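S.K.: Quick one: this structure, given as structure tokens, is what I'll be asking you about.
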Number of protein chains: 2
Amino acid sequence: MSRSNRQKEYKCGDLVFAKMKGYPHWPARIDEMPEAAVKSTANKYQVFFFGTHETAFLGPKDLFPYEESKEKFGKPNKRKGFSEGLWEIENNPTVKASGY
Amino acid sequence: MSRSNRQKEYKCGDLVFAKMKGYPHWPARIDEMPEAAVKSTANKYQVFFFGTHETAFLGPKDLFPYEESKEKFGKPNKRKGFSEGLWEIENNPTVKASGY
């Protein structure tokens, strides 16, 4: 008898009355639409690879403190850039003793 | 000692073993989030305010249907961008590039 509406989303957001901080219902239009693969870099840490000089985005669990676990990982790979970069790190300033 | 110490994230300046693609554990520097619209909030819409001629970030909950709201909050004047925006919207809400 009656037909429903399943479309809940405006395309991007369309044109509406926007409620912003200090703006109680002001005519405003939408721009952009964070849906293409990445929406926004959130809760991600900017991990800048020291040796390979490359910016990556990782999380807390993707990062292991050598201040204590220097002994745990050492230098697991023998590569010219790997060993060189990790060596530049092996003489790091913030070292809480070489003994573990 | 601002209120309570809850911040426990990796603070820009620390350095750890990073786990990236092609790198089991490569020591990388920790940098915090750039902070420039992107930092957090995954799905957020950008909104162009005709009023103050600004661009802000809002969500679906902050965008109210104008076809009904325009009739509710129809109180212009004194506020330039409100009057300008209301007209710029009234004479072109769907953007008349076909039937005008």
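Chain labels A, B, ... are given in the sequence in which chains occur in the structure tokens; within each chain residues are numbered consecutively from 1, and ligands are likewise numbered from 1 in the order shown.
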If you count only C-alpha atoms, which residues fall within 8 Å of residue 50 (chain A), apart from same-chain ones fewer than 6 positions away, as an MDAnalysis selection string?

M.R.: (chainID A and resid 85) or (chainID B and resid 27:29)

S.K.: Give me the residues within 10 Å of residue 86 (chain B) as a list in words, counting only C-alpha atoms and dropping any in the same chain fewer than 2 places off.

M.R.: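 Listed by chain and then number, they are residues 17, 26, 27 and 28 of chain A; 50, 51, 70, 74, 75, 76, 80, 81, 82, 83, 84, 88, 89, 90, 91, 92 and 93 of chain B.
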
S.K.: Only residues of chain B matter here; which ones have an atom within 8 Å of chain A, counting only C-alpha atoms? Give them as a PyMOL selection string.

M.R.: chain B and resi 10+15-20+24-33+38-51+56+58+60+62-67+69-70+73+82+85-86+89+93

S.K.: With chain B fixed, least-squares superpose chain A over all its C-alpha atoms paired in order and give the RMSD in Å.

M.R.: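 Root-mean-square deviation of the C-alpha atoms: 7.3 Å.
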
S.K.: Which of chain B counts as helix (DSSP H, G or I) under DSSP, as a list in words please?

M.R.: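 Restricting chain B to helix (DSSP H, G or I) produces residues 60, 61, 62, 66, 67, 68, 69, 70, 71, 72, 80, 81, 82, 83, 84, 85, 86, 87, 88, 89 and 90 of chain B.
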
S.K.: When you draw a straight line from CA of residue 36 (chain A) to CA of residue 11 (chain A), how long is it in Å?

M.R.: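 Going from CA of residue 36 (chain A) over to CA of residue 11 (chain A), I get 14.0 Å.
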
S.K.: List every residue of chain A that DSSP, applied to the backbone, labels as strand (DSSP E or B), and write the result as a VMD selection string.

M.R.: chain A and resid 15 to 20 23 to 31 45 to 49 54 to 58 63 to 64

S.K.: How many Å separate CA of residue 100 (chain A) from CA of residue 79 (chain A)?

M.R.: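 Separating CA of residue 100 (chain A) from CA of residue 79 (chain A) is a distance of 23.9 Å.
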